[PDB]
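Q: starting from these lines, generate the structure:
(6 chains)
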Amino acid sequence: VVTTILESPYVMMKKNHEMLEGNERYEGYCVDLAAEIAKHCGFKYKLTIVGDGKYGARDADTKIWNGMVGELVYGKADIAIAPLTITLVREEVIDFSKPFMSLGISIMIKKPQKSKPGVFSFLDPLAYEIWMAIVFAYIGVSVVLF
Amino acid sequence: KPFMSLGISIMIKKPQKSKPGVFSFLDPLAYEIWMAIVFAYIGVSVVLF
Amino acid sequence: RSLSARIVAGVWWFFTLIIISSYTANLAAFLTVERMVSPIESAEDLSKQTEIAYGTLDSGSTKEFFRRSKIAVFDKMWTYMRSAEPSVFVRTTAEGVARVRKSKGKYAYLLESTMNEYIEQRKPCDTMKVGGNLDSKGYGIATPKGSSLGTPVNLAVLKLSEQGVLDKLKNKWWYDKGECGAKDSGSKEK
Amino acid sequence: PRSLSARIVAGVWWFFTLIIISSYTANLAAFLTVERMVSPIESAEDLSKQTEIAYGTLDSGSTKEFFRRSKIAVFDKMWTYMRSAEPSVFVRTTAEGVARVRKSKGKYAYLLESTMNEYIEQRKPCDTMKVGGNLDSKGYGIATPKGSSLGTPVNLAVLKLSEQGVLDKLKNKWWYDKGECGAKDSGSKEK
Amino acid sequence: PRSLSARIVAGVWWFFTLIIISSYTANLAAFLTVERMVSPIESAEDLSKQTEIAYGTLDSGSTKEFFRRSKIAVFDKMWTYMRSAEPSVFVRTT
Amino acid sequence: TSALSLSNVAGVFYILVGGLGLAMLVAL
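A: Residues are numbered from 1 along each chain as shown, chains lettered A, B, ... in the order given. This is the structure:
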């Protein structure tokens, strides 16, 4: 029993799932990884979606575990193949494999997406009022000249 | 568990040099604006003509 | 001329000279400052500005990390976040991302490298990933304590990593499978 | 002479050409104050798009072996070039490769461990820059004997140390905080 | 005057001198801007961020010993530079 | 972004009409 959680693009629904049954209902990275890992380790596997849809964690009051870790510790599943962050608190209650994907905390910002629309560059540096003014000075010396 | 993450990266010598172009100086004004000013030179001169 | 028209044309000459010189100077300013700015200075640099807000998830590992870290930058950021108004914390990851897209660049979202570059490669292609990672984590395959599957799935993960299966698979689901594509706009045309 | 129709033409023309030369001057100042060096290779993929600057890896190492084993189109192509490039772009020692980069006048690229790359970047005479992201993801670990009694505690120790931030800070200490090369390149034009 | 030979000369000469004076103005603006951009470092940390101006302390004194013993990152960097620098930046007397 | 210049240029703008007043003063 391979436990995992629906998270894109790790484990996804093909949307045609109503027609299919079994491990053909799920598609994604972790599905293919589970397939290859099983192919190298030599066992038949069944993909099951965790009931609460939340990764591992532990409550101070109850003292119990929830999520895929819960399904592993309390023996509801045989292996957890999913994007599960390796922390100390988990390595005490479960055995982690070596990391198959390395990651970290990065910063996302709204892309620039800028192509300069401005139809007049020249009126940007000088204020509009300043141009109106310089027209008034032009006519203002023009009347004197006339 | 791994105490240090790493990968295969690329090392290159900094150029530490500047190559003067002859067109590199006319570069700040775009080619299009220059063609435009040419067509403006002959296009105004043809009107004055 | 009669010497009055001369001084009119001269003071006018001074006037228009000052004005056009001002235009050139200020335009030089607006151009210089336009070429004087860089998109990503640093992860700390984002913390050193009090206008662009930044956030993480309300209940997650990121927040707990920022609180627990004693590094000055992260502590400063956390001190900021817990007192920041309005709250820079979001319920869902999609909530934060959606907040980034509606900010006009006035809000930053801190998230997993994977999720980051995935959203970067998913529609409507409005999110950019900047800077290096602020920490070092990893995903791993979980097995029951003292199970008969631990060592073999470990060795398996390793071998798959060395054959390049993991890299190809990741590349497929990030780049091949879904596409903003464009070949990164030819490296954004330099 | 006194024809005004010609006067307004000469005026609109003077205004126009003045605007153009002022814009030209402004942007020329903008280009002059800003020192921004054009990056020869921006991305790991970019190295494949040029047939002039050679690039190589170690003769016997994990880098070469990775490039061999990888089926990714870019990296495979790079491997095809390197195995087919004359003279050999592979070097015997790491210092040989670095020296080859330094004596190349920027005509040679070297592929190596991220750590070693940025470490050399922080050492004299600071002429080598690390560009682009990493092409794969591996890691260093602490070795213990098979079924040893020290295994679990040092594992949980590595984790705990990693989470407290000791490892990162320590790395910053020995790589950057001890750096001989200084902080960064000058983005502020001097003199 | 109206001769084409004199006309194209006036236009190309005008264009030429325009280019040169625009260049002079641009570079003068560059010089001024980077002269006003520069600030004297004035911070202790700033000396570590520069590889041109050398800095040293007394060879036998409280200053050197403090820089050695300090575990603060900035001072550690400065000390790392000073003890490994040639020629010696240390002096015997003040 | 700056690049809105107003009052100073309005001053140097203002000295010109003064020059026109001086022009009328000299004309008479």
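Q: right, and residue C:35 touches residue D:34 too?
A: Yes: the pair residue C:35 / residue D:34 is scored as a contact, 4.6 Å apart, by Cβ atoms under 8 Å. For the C-beta atoms, the positions are set from N, CA and C on the backbone; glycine is no exception.
Q: what's the closest non-adjacent residue to the residue in chain F positioned nearest to chain D?
A: Proximity of chain F to chain D (Cβ to the nearest Cβ) peaks at residue F:3, 11.1 Å away. Spatial nearest neighbour of residue F:3, chain neighbours left out: residue C:30 (4.2 Å); criterion: Cβ to Cβ, 6 or more residues apart in numbering or on different chains.
Q: let me see the contact set for that neighbour.
A: Contacts here follow Cβ atoms under 8 Å, 6 or more residues apart in numbering or on different chains; on that basis residue C:30 touches A:124, A:125, D:26, F:1, F:2, F:3.
Q: the residue of chain F closest to chain D: what's it in contact with?
A: By Cβ under 8 Å, 6+ apart, the neighbours of residue F:3 are A:124, A:125, C:26, C:27, C:29, C:30.
Q: which of these sit farthest apart?
A: Farthest-apart pair in these is A:124 and C:29; separation 11.1 Å (Cβ to Cβ).
Q: neighbour count: those two, which is higher?
A: residue C:29 (21 against 14; other Cβ atoms under 10 Å in any protein chain shown).
Q: element containing that one?
A: Counting by DSSP states H and E, the element that carries residue C:29 is helix C:4-35.
Q: so the residue in chain A positioned nearest to chain B, which of the three states?
A: The nearest approach of chain A to chain B comes at residue A:102, 5.1 Å away (Cβ to the nearest Cβ). Of the three states, residue A:102 takes strand according to DSSP: H, G, I helix; E, B strand; the rest coil.
Q: format the contacts of residue C:30 as JSON lines; extra columns: secondary structure.
A: Supplementary listing: those in JSON lines, determined by three-state DSSP:
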{"residue": "A:124", "secondary structure": "coil"}
{"residue": "A:125", "secondary structure": "coil"}
{"residue": "D:26", "secondary structure": "helix"}
{"residue": "F:1", "secondary structure": "coil"}
{"residue": "F:2", "secondary structure": "coil"}
{"residue": "F:3", "secondary structure": "coil"}
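Q: what's the farthest-apart pair in those residues?
A: That would be D:26 and F:1, which, of these, are the farthest apart (Cβ to Cβ) at 15.1 Å.
Q: and the longest helix seen in chain A, what other elements does it pack with?
A: Criterion DSSP state H: the longest helix present in chain A is helix A:128-145. If contacts are counted by 3 or more Cβ pairs under 8 Å, 6 or more residues apart in numbering or on different chains; DSSP states H and E, helix A:128-145 sits against helix C:4-35, helix F:7-27.
Q: let me know the angle separating that helix from helix F:7-27.
A: 10 degrees (axes from the mean of the first three to the mean of the last three Cα atoms, to 10 degrees).
Q: the closest residue to residue A:85 other than its chain neighbours: how many residues sit nearby?
A: Distances taken as Cβ to Cβ, 6+ apart place residue C:137 nearest to residue A:85, at 5.7 Å, with adjacent residues excluded. Using other Cβ under 10 Å, residue C:137 has 22 neighbouring residues.
Q: my guess is residue C:137 meets residue A:106, correct?
A: No: using Cβ under 8 Å, residue C:137 makes no contact with residue A:106, being 11.1 Å away.
Q: burial count for residue A:98?
A: 19.
Q: residue A:43 sits in which helix or strand?
A: Going by DSSP H and E, residue A:43 is not in any helix or strand.
Q: closest to chain D among the contacts of residue F:3?
A: Ranked by distance to chain D (Cβ to the nearest Cβ), the contacts of residue F:3 are led by residue C:27 at 4.0 Å.
Q: who's in contact with whatever residue of chain C ends up closest to chain E?
A: Per Cβ to the nearest Cβ, residue C:28 is where chain C lies closest to chain E, at 5.8 Å. By Cβ under 8 Å, 6+ apart, the contact set of residue C:28 is D:25, D:26, D:27, D:29, D:30, E:26, E:29.
Q: for residue E:25, see how far away the first one is.
A: Put plainly, it is residue D:25. Distance, residue D:25 to residue E:25, by Cβ to Cβ, to the nearest Å: 5 Å.
Q: equivalent analysis for the fifth one, please.
A: Distance of residue D:30 to residue E:25, given as Cβ to Cβ: 12 Å.
Q: also the second one?
A: Using Cβ to Cβ, we find residue D:26 at a distance of 9 Å from residue E:25.
Q: cool, the fourth one as well?
A: In this structure, residue D:29 and residue E:25 are 7 Å apart, going by Cβ to Cβ.
Q: and what of residue A:36?
A: Distance from residue A:36 to residue E:25, by Cβ to Cβ: 66 Å.
Q: phi, psi of the residue of chain F found nearest chain B?
A: Residue nearest to chain B within chain F (Cβ to the nearest Cβ): residue F:3, separated by 19.0 Å. The phi and psi values for residue F:3, taken as degrees, to the nearest 10, are phi 60, psi 20.
Q: need the residues of chain A near chain F, please.
A: Within chain A, the positions lying close to chain F (Cβ under 8 Å from any Cβ of the partner chain) are A:124, A:125, A:126, A:127, A:129, A:130, A:133, A:134, A:137, A:140, A:141, A:144.
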